[PDB]
């Protein structure tokens, strides 16, 4: 169906096909069994032009999958800085919790993406956020030996 092809086009970077499918009436918010939408998959794989096209054509920036994961979580975790910026400009919830209680800031701190941590903090990320395992983003930075991120989070918390 058109929704399956759009999910495939979005994860595979098929800019032209994404536009063809949405012209042929594909649902921009098509969700698979797992709650994943085209915007999740484009945000995950770093397809900036597709993220922009999907947002322009009504994609839900705050869509969550079965694990509470939002496009912003995926872009923050996967190190896609320009996508993080575009998703926040479109109204992404900077402090969304997934089903582990992790925020985008937790996942950027864990995965070692320092400029993404700085942009999240600039857009109101909650430095004190605790996941369900009792960890703050600072704790995950420390745990993962991300000393630059730990230093920036300690300053933000002051």
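Residue numbers count along the first chain shown, from 1.
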Inset, instruction - State which stretch shows the higher mean Cα B factor in the entry: 95-103 or 24-32. - result: 24-32
Inset, instruction - Could you tell me which third, lowest, middle or highest, the C-alpha B-factor of residue 38 occupies within its chain? - result: middle
Inset, instruction - Comparing against every modelled residue in the chain, figure out the third that the C-alpha B-factor of residue 126 lands in (lowest, middle or highest). - result: lowest
Legend entry - Where the record places residue 62 (Cα B-factor, split into thirds across the chain): lowest
Inset, instruction - Sort the modelled residues of this chain by their C-alpha B factor and say whether residue 45 lands in the lowest, middle or highest third. - result: highest
Inset, instruction - Just say lowest, middle or highest third for the CA B-factor of residue 113 relative to the other modelled residues in its chain. - result: middle
